[PDB]
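Chains as they are written, first to last, in the numbering used here: chain A, 499 to 596; chain B, -4 to 281; chain C, -4 to 281; chain D, 8 to 65; chain E, 158 to 304; chain F, -10 to 55.
No residue lacks a Cβ here, since even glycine has one placed at the ideal position from N, Cα and C.
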Amino acid sequence: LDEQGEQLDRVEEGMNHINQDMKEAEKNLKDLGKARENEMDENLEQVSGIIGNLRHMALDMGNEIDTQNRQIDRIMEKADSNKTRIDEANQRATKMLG
Amino acid sequence: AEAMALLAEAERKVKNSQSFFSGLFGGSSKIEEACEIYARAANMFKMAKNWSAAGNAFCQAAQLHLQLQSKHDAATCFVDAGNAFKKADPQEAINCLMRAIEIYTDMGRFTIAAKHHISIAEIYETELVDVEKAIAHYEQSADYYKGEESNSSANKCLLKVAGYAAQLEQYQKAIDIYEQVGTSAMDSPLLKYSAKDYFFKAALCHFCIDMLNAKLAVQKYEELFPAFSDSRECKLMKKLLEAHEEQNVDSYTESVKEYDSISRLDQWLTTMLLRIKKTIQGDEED
Amino acid sequence: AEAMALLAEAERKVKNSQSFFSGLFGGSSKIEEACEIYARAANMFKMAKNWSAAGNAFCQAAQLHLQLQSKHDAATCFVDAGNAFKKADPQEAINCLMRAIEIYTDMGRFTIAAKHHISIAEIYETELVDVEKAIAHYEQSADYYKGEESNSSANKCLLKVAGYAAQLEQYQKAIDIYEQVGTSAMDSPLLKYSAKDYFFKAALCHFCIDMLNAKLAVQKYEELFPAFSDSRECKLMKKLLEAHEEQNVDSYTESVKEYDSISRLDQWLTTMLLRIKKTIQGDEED
Amino acid sequence: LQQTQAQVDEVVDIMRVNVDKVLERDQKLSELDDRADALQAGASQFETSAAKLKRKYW
Amino acid sequence: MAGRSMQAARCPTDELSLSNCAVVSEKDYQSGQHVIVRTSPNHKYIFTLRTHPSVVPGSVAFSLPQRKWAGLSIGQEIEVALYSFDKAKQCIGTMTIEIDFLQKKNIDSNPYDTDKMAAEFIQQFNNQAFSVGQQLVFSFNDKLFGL
Amino acid sequence: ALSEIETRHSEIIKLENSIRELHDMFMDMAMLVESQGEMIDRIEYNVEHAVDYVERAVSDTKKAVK
């Protein structure tokens, strides 16, 4: 999950520069077009100490992918608009042949 | 589904324009179309899973797009041509994959170069075992990823370096990587828990040292004793190291005896169990 | 200006003229404007909840786009037209999904094709239940996902191949399938803890097979047998074929209840378990 | 025993909380995949259309 | 004897599982004739053929004791080759067998006259191939044994 | 002197059932994030090969005016 959430940085890398290209490529189109129980009492507590590992990483591992959902909240609209902008710029970039 | 006649009729079309063939304008539309012709020609072999012939037929279209003035998708056509002998068993995907990175870097660029450079490294480690080359590929790739501030893959490709470079011979470049990643990992809230096993690996790497180099990093390390996860960081080492100094190889097995149960042991650490007892027996007999 | 008017207004401009209305060109500039009218029309048919002239309008938006020069975005609109009839009541999305794969594969874009090659298998298994052809799409699509090296995509498809080999009752092929994929999971630490279950699938697929393949494929799986999911995976199986080769259904059907108490069984597993449950009874009495 | 029971019960409902997260996750994972594939063809045919453009105005 | 690939199958009925005969089809080989099953270089096992009308040509039917001696089950690739014995020093003149009841839910203490058993033994398993340690089952007065 | 053993049985098998439940929701979870994880590898092409179309194209669109 760490490495896949850190891939999100290269996702950002792609989307910002594509978005950059579409603000500039916007320009060229119009420019060109127009006791074991007492051991058990310790074993159960050995695991009571382990459930610390459980609850700590549990509470921790919750928040990250929520943060990733906000990172996705970045991705979604800047992707959908860019899907629109590529197609309109492309249809313009095909109608200027003549 | 005409694979043959395309290849022959494009022979006069893979043709520069100084002739009656030239006419008025260039032949840079003809060869441009021909690239798609050879692509489709390889495509209809590929569909019949003739990948061996298909990749060589894609080498045509991928070669001819460069000829017009386009490194742009000719490198994508090399990626495509490499997918043939990558998916197909035999070689020379190695060639087109080396063609693609040099072309992307000759575009003035960095990312996709490293992206396929580790693909080459995967081939040259997993298939064509050339660790002395593929490890250098991960090294350079990680160097580019530092040049992109995706320390993500800067750390990943270096873990791929050091995990094998350690058992091979080299325990210092190893801990260099494993301290680099652990120290850059206590920074992030995403990374600090991966840093536990990273400083563990940074601690494990011994040049047959009978000293506390693992426990040395521990005396640096942020165990945070209430956090029991670092018993998989030091408590192993805490127990076995005294054994190693004080004539107790026999006691050394009883650590993995339980740690293999509370953590199923992989190849690297198990081979390291054998390797650091090669350091035992190179203190005792070897 | 309604969706119904767009169809007939595009019908005015679709005419292939050869007159002073044409001049020298045909209607190559006009087949795009027709496709544009349908690009708006197919959009707003769904807006009126038509769902059936919707899908036909999504078809028509690309149908005329074929004759311009451009199958590609016409193909995307075929996929969209398949998203019309699919969500709608009738079929004929399945047709446009043929129309799509025959185009994206005709360039080499196997992944985009495979996005809905699987969805074709989804309709042909859920709706138009054609499980030999549905599996001919899961397995074939898995071959495409491995074409671009994605192993886990093909493991997802091949579990549809082999998961429904139980309901297709092809246990001899199911045991042929779950082996290589679990071996591809022992390598992966990302995937290992389902690998025991993967070989359990290969293990349990019995047609009353008393090969020790059932007793050996679990042995192949490198395994610390006092591990923590193995008590519910492997020694389970040894207990169950302890009773089958006992010619006893009593303890064979006691341990199945012993196990469901600790991990609730599902339709596929439980069906396979009662499939083998009939196999003991098919030899004890008769 | 009862303290430990409750302490486990914490992680129990927290597991259910992380599944309550996956209900959103799977949706996000799907819809990002829905556009990821879609953009590559719009990009390749845009490169094609620009190829048609650049040949007219050498 | 050159050896043909065969598919290990299951014994059709209980009669031939009481013969310890590598049950085959009449389409391929002949009852009485002996063969040698090969599974690997380190496993060569010898069997008696006894054809049967319900065997698939290209697959050999084996009973549970023989498979539990042969390590075989339903639908495995094996190489079956005709094997001709040497009747100079291989005809059996004295053979000890360790016997015991097969199914443990019908154990009694009744006596079974061995002279009658050994006589009916040869009357049933004549011209059959028996190796040291080979395991099978004998039917004496409608009773299952583990020989 | 047996009811507390029965609690030692019952409350702790209950506890083990809490373990079973969280471990089963976790053999869900590990596989949830597993199966999601490869979709990122599906992006892995469409994230920069997509850029390989975009920048390599607009380097031409800006040269298409020329």
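Reduced DSSP category for residue i - H, G, I as helix; E, B as strand; rest coil
i	result
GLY77/C	helix
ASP261/B	coil
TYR202/E	strand
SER250/C	helix
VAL126/C	helix
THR208/E	strand
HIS38/F	helix
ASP68/C	helix
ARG7/B	coil
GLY21/B	coil
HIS191/E	strand
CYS178/E	strand
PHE278/E	helix
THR592/A	helix
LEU301/E	strand
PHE220/B	coil
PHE105/B	coil
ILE235/E	strand
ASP245/C	helix
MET252/E	coil
Interface partners of residue i on chain A, CB under 8 Å
i	result
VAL18/D	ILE549, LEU552, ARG553 and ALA556
Closer than 9 Å to chain A by CB, residue i
i	result
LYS51/F	yes
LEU46/D	yes
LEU30/D	no
Closer than 7 Å at the beta carbon, the chain A residues around residue i
i	result
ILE2/F	In chain order: nothing, as chain A lies at least about 13 Å away.
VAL15/D	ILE549
Interface partners of residue i on chain C, CB under 9 Å
i	result
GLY232/E	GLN167, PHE202, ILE204 and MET206
Interface flag, residue i vs chain B, CB-CB below 9 Å
i	result
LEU219/C	yes
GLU501/A	yes
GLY142/C	yes
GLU562/A	yes
Chain D contact for residue i (CB, 9 Å cutoff)
i	result
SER114/B	no
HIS38/F	yes
Chain D residues whose Cβ lies nearer than 8 Å to that of residue i
i	result
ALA46/F	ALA50, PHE53, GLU54 and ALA57
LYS581/A	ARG42, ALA45, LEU46 and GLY49
Closer than 8 Å at the beta carbon, the chain C residues around residue i
i	result
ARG259/B	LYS187, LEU219 and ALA222
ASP33/D	The contacting residues do not exist; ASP33/D stays about 14 Å from chain C at best.
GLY228/E	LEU207
Min CB distance residue i to chain C below 9 Å
i	result
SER256/B	yes
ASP585/A	yes
residue 315/E	Residue coverage of chain E in this structure runs from 158 to 304, which leaves residue 315/E outside it and unanswerable.
Contacts of residue i in chain F (Cβ-Cβ under 8 Å)
i	result
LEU39/D	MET28 and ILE32
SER226/C	Correct list: empty, because the minimum Cβ distance to chain F is about 12 Å.
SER145/C	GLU27, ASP30 and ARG31
Closer than 9 Å to chain F by CB, residue i
i	result
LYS10/C	no
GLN505/A	yes
Contacts of residue i in chain A (Cβ-Cβ under 9 Å)
i	result
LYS215/B	The contacting residues do not exist; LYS215/B stays about 23 Å from chain A at best.
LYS151/B	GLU501 and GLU504
Min CB distance residue i to chain E below 9 Å
i	result
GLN135/C	no
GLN242/C	yes
Neighbouring residues, chain B, relative to residue i (Cβ below 9 Å)
i	result
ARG23/D	Going along chain B, no residue has its Cβ under 9 Å from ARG23/D, so there is no contact; the nearest lies around 22 Å.
Interfacial residues, the stretch 98 to 110 of chain C to chain B, with Cβ spacing under 8 Å: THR100, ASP101, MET102 and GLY103
The stretch 44 to 61 of chain D contacting the stretch 179 to 197 of chain E, beta-carbon criterion three pairs below 8 Å: no
Interfacial residues, the stretch 8 to 33 of chain F to chain C, with Cβ spacing under 8 Å: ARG9, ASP13, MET16, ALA19, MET20, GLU23, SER24, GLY26, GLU27, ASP30 and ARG31
Cβ pair count under 8 Å reaching 3, the stretch 38 to 48 of chain C against the stretch 15 to 26 of chain C: no
Inter-stretch contact at 8 Å, needing at least 3 Cβ pairs: the stretch 33 to 45 of chain F / the stretch 27 to 46 of chain D: yes
Contact list for the stretch 61 to 93 of chain B against chain F, Cβ threshold 9 Å: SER65, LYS66, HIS67, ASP68, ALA70, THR71 and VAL74
Members of the stretch 509 to 540 of chain A near chain F, C-beta cut-off 7 Å: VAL509, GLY512, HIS515, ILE516, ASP519, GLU522, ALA523, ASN526, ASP529 and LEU530
Chain D contacts from the stretch 19 to 50 of chain B (Cβ-Cβ distance under 8 Å): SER23, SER24 and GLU27
At least three beta-carbon pairs within less than 8 Å, the stretch 23 to 31 of chain F to the stretch 141 to 149 of chain C: yes
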